[PDB]
Enquirer: 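The structure follows.
Keep in mind that the numbers below use all heavy atoms, side chains included, and drop hydrogens, waters and symmetry copies. Order of listing sets the numbers, starting from 1, for every ligand and every atom in it. Heads up: numbering here begins at 1 and tracks the sequence.
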Amino acid sequence: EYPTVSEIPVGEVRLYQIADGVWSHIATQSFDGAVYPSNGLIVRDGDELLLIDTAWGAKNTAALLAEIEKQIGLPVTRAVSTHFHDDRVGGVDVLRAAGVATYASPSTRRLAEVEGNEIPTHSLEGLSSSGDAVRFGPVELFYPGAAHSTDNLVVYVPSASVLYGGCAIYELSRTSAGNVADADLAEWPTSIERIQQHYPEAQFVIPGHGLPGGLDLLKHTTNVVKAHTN
Ligand SMILES: C[C@H](CS)C(=O)N[C@@H](C(=O)O)c1ccc(F)cc1
Ligand SMILES: [Zn+2]
Ligand SMILES: [Zn+2]
Ligand SMILES: [Zn+2]
């Protein structure tokens, strides 16, 4: 069973193995009166691990590293943050202190700094234009256009047909718009179409928060945006 928000104490991280050499990591955090779950990704790259997003905060991210050591034993050597909010860069400084090389796009790095969030060290090149794709170790990084935020990236794992949508894709059980303070609500359905046109063969689709599904999460998310927008 995929771990749900009600089963993970704030401060603890679970790992869920999706495929061979592919896991999600799941944490929980208090935010704005509620507890929310949060997903990231872990992808094996031989004798090292590529981390996709922090576990939302310094303490959760240290827990993540401890859980990775317990359950996998391979070192995290690179990390990619998929947008500038705290559930994606909160913990970067812990990763850096632990010797992880932290990456984000130039936009994400700028927006993190503007906002006062932790800032990934290295800039990812080749992601400036909607539809750009880059092969980054075992994954493909993709910029679909502005949506949840103007900088959001998605991640695709070809070996396992895993599409990590981050917070530009909503789980089915969310039927209202959440955090749209930095969103391009008008562009968001267009960016979702772009993901669909590029990863039509996606089997396993991971939202930034909550339960994985399939490509039906894309259509579901547009409905939510439109319902909120119109
Ligand atoms: C703090 C974090 C940064 S994205 C955040 O605001 N998450 C937002 C959301 O993703 O819309 C969220 C709102 C309601 C939920 F049920 C789940 C997630
Ligand atoms: Zn190696
Ligand atoms: Zn966000
Ligand atoms: Zn989020």
Enquirer: Considering only heavy atoms of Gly178, which atoms of ligand 1 have at least one such atom less than 4.0 Å away?
Expert: 11 (O), 13 (C)
Enquirer: Got the closest protein heavy atom to atom 7 (N) of ligand 1, with its distance?
Expert: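 Minimum-distance protein heavy atom for atom 7 (N) of ligand 1 reads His209 NE2, 3.3 Å.
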Enquirer: Check this for me, if you would: do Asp151 and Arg109 make a salt bridge, where the nitrogen-to-carboxylate-oxygen distance has to be below 4.0 angstrom?
Expert: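 No.
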Enquirer: Taking all heavy atoms of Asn60 and all of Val10, pick out the closest pair and write down the distance.
Expert: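 Nearest pair, atom of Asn60 first, then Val10: OD1-C, 4.5 Å.
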Enquirer: Report yes if some heavy atom in the side chain of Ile206 is under 4.5 Å from a heavy atom in the side chain of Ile169; otherwise report no.
Expert: no
Enquirer: When you measure from the heavy atoms of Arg88 to every atom of ligand 1, does any distance fall below 4.0 Å?
Expert: no
Enquirer: Identify the two heavy atoms, one from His83 and one from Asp87, that lie closest to each other, and give their separation to 0.1 Å.
Expert: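 Taking every non-hydrogen atom into account, NE2-OD1, 4.1 Å.
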Enquirer: Are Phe204 and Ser161 close enough that some pair of their side-chain heavy atoms sits under 4.5 Å apart?
Expert: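 Contact flag for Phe204/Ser161 side chains = no.
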Enquirer: Among protein heavy atoms, which sits nearest to atom 8 (C) of ligand 1, and what does the distance come to when rounded to 0.1 Å?
Expert: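 Residue, atom and distance for the closest contact: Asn179 CB, 3.8 Å.
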Enquirer: Which ligand 1 atoms are under 4.0 Å away from a heavy-atom of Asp87?
Expert: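 Counting atoms of ligand 1 from 1, those under 4.0 Å from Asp87 are 2 (C), 3 (C), 4 (S).
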Enquirer: Take atom CD of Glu201 as the centre, draw a 6.0 Å sphere, and report whether it contains more than 12 heavy atoms from other residues, nucleotides or ligands.
Expert: yes
Enquirer: Can you tell me if an N/O/S atom from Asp47 lies under 2.8 Å from the Zn ion (ligand 2)?
Expert: yes
Enquirer: Tell me the protein heavy atom at minimum distance from atom 9 (C) of ligand 1, and give that distance in Å.
Expert: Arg174 NH2, 3.6 Å
Enquirer: With a 3.5 Å cut-off and no angle check, do the side chains of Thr4 and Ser6 form a donor-acceptor pair?
Expert: yes
Enquirer: If I apply the N/O under 3.5 Å rule, does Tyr36 come out as touching ligand 1?
Expert: no
Enquirer: What do the steps show when you test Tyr2 against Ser24 for side-chain hydrogen bond (donor to acceptor under 3.5 Å, both in side chains), and what is the final call?
Expert: CA-CA 10 Å; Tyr2 206 80; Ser24 68; 2.7 Å; yes
Enquirer: I want to check something: taking the side chain as every heavy atom from C-beta on, are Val13 and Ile26 in contact at a cut-off of under 4.5 Å?
Expert: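 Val13 vs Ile26: side chains apart.
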Enquirer: For ligand 1, which atoms, with element, lie under 4.0 Å from some heavy atom of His148?
Expert: 4 (S), 10 (O)
Enquirer: Walk me through it: do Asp182 and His148 pass the test side-chain hydrogen bond (donor to acceptor under 3.5 Å, both in side chains)?
Expert: CA-CA 7 Å; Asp182 301 303; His148 166 82; over 6 Å; no
Enquirer: I want to verify a count. Protein N, O or S atoms less than 2.8 Å away from the Zn ion (ligand 3), how many are there?
Expert: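 Counting protein N, O and S atoms closer than 2.8 Å to the Zn ion (ligand 3) gives 3.
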Enquirer: Kindly give the heavy-atom pair with the smallest separation between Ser81 and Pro120, and that separation in Å.
Expert: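 In terms of heavy atoms, the two residues are closest at OG-CG, 3.9 Å.
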Enquirer: Just to confirm my output: which protein heavy-atom neighbour is closest to atom 1 (C) of ligand 1, and how far is it?
Expert: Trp56 CZ2, 3.3 Å
